Amino acid sequence: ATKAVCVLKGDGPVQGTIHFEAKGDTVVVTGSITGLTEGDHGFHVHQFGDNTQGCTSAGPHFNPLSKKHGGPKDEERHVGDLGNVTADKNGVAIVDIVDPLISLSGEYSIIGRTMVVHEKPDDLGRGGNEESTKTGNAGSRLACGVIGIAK
Ligand SMILES: [Cu+2]
Ligand SMILES: [Zn+2]
């Protein structure tokens, strides 16, 4: 697969559409999310494409190399760690990310896994407490969707 898509839904007002495209040894992530409180919100690939219990059944951040949490620019990060998206005063975040660790094929493939947007900012592992090194202190899961093959 060279293209993928994900539709984010939740039990509140947050919704969004995320697009993925392979380019060289990277994935280009674009799209938008609406219905958010103003400011930064944690954004990650989670391990399982399982929506039987809402966002809870997606499991933890996708982590096939068994590392601690970080930001996307850090060497020590989970494969799924894509940092923060930023919402404007109208509650809209535009997504614009290029990432070298996620993939659409092979061992680090995110096809069939879950994208999640969170309640609070991701502190990129620099919060100075233990939770920072697991989830970035991003808090509850507001919306999610399974990542699918696109035309
Ligand atoms: Cu997450
Ligand atoms: Zn993480």
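We number each residue from 1, going along the chain as drawn.
The way this entry was determined, per its header, is X-ray crystallography, 1.1 Å.
Every residue gets a Cβ built from N, Cα and C, even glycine.
For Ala1, the entry in Swiss-Prot reads N-acetylalanine, with the evidence type experimental evidence. The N6-succinyllysine annotation in Swiss-Prot covers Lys3, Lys9, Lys89, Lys120, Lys134 and rests on similarity to another entry. What Swiss-Prot lists as S-palmitoyl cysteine is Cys6. Per Swiss-Prot, Cu cation binding site is recorded for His44, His46, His61, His118. Per Swiss-Prot, the feature disulfide bond maps to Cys55-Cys144; the stated evidence is experimental evidence. According to Swiss-Prot, the Zn(2+) binding site annotation covers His61, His69, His78, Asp81, on the basis of experimental evidence. Here Swiss-Prot flags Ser103, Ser105 as phosphoserine. The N6-acetyllysine annotation in Swiss-Prot covers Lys120, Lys134.
Using Cα positions, the member of the recorded positions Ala1, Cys6, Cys55, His118 nearest to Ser103 (phosphoserine) is identified as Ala1.
Of all the recorded positions in the list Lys3, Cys6, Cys55, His78, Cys144, the shortest Cα-Cα distance to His61 (Cu cation binding site) is found for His78.
Cβ environment of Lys134 (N6-succinyllysine): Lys68, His69 lie under 8 Å away, each six or more residues apart in the same chain. Cβ neighbour density within 10 Å is lowest for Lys9 among the recorded positions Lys9, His46, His61, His118. Counting Cβ atoms from all protein chains shown, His69 (Zn(2+) binding site) has 28 others lying within 10 Å of its own Cβ. Look at the recorded positions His44, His78, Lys120 and count other Cβ atoms within 10 Å of each Cβ; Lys120 has the fewest.
Nearest by CA distance to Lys89 (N6-succinyllysine), out of the recorded positions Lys3, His46, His78, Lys120, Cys144, is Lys120. The Cβ centroid of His44, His46, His61, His118 marks the Cu cation site; residues of that chain outside this set whose Cβ lies within 8 Å of it are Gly42, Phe43, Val45, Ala58, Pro60, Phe62, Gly80, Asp81, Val116, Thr135, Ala138, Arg141, given in sequence order.
Using a 10 Å Cα-Cα cut-off around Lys9 (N6-succinyllysine), the recorded positions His78, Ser105, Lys120 reduce to an empty set. In this structure, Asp81 (Zn(2+) binding site) is part of a beta strand by DSSP. Same-chain residues at least 6 positions away in sequence with a Cβ under 8 Å from that of the residue listed as 'N-acetylalanine' are, in sequence order, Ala22, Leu104, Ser105, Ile111, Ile149, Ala150. Ligand 2 lies within reach of none of the recorded positions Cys6, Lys9, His46, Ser103, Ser105, judged by a C-beta closer than 6 angstroms to any of its atoms.
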